[PDB]
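Shown here is one chain on its own, the form deposited in one PDB entry, set out as structure tokens.
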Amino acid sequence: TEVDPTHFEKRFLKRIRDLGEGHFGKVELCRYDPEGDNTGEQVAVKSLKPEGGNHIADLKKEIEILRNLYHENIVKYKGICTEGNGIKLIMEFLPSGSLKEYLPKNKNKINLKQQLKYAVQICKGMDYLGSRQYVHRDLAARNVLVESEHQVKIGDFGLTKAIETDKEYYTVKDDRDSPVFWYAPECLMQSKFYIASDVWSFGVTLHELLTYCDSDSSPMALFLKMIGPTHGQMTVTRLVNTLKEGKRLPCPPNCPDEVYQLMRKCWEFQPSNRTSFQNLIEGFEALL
């Protein structure tokens, strides 16, 4: 019987270091080394922490979603490592990290033209996801991985949900660890997620890209300056209230008004009023 190239044996999967931690999950840099001499390929490995059953089903749904996504700007699925009753998502490793790590260290190499090129590639991966009736729900610069200085990829689908054929949105129940400072008003207010909700999260991701992911100008850092940083449980309702008053993230420094106006179109209060990923692409390619 033939060997499956998507089947990764646990014995040959050697953990190097953690890359990130999330919603009851974690991503590690592992070396798949069947020959045991350290020549095997580096891979990014997503697994669940030992300490919920429903979290396993979510991961299995995430694996199945990524397995069937094929786009230049979507991180490549490599395989799975099964236990079964336990599973690991095996993906390609992108040594440049996400925009959060790469942009502060490479500002000199990355001018506005290259930022608008990344914005285009983020919209292209996002539009492909949207065309397959999926809502990403976690579009942030920490999830935009750097392939090269000319290429970015949407690198994590941990919150990705299918929209039903008859529906315009998906209703979420597991709300706890929501990236609220990236979320559209309908997401914060009603737990409803539209493709237009990802367009809102794209506007925030774009803002981060234009600010080269500087920690001090981050969407959380700026929103907490607007609303206040000592509200605790009341932060989300104070965030809903400022967005209702028309307050939006300011213009990144050195970002021309034309780029800012495309970003502002991602931030129309009503989801139906927001620009689409295809229109953003036209606007970015017109500026290039």
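Throughout, we count residues from 1 along the sequence that is shown. Basically, rigid core = biggest C-alpha set you can superpose within 1.5 Å across the two forms.
This protein has a second form, the form deposited in another entry, left out of what is shown; the following refers to that one.
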Once the rigid core is lined up, just say which one of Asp174, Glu149, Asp214, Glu72 has a C-alpha that travels 2 Å or more between this form and the one not shown.
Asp174
Does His231 move appreciably between this form and the one not shown, meaning a CA displacement of 2 Å or more on the superposed rigid core?
yes
Using a superposition on the rigid core, decide whether the Cα position of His23 changes by 2 angstroms or more between this form and the one not shown.
yes
Relative to what we see here, could you say if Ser218 and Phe24 have their Cα atoms closer or farther apart in the other form, with a change of 3 Å or more?
closer
CA-CA separation of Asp175 and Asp198, closer or farther in the other form than in the form shown [shift of 3 angstroms or more]:
farther
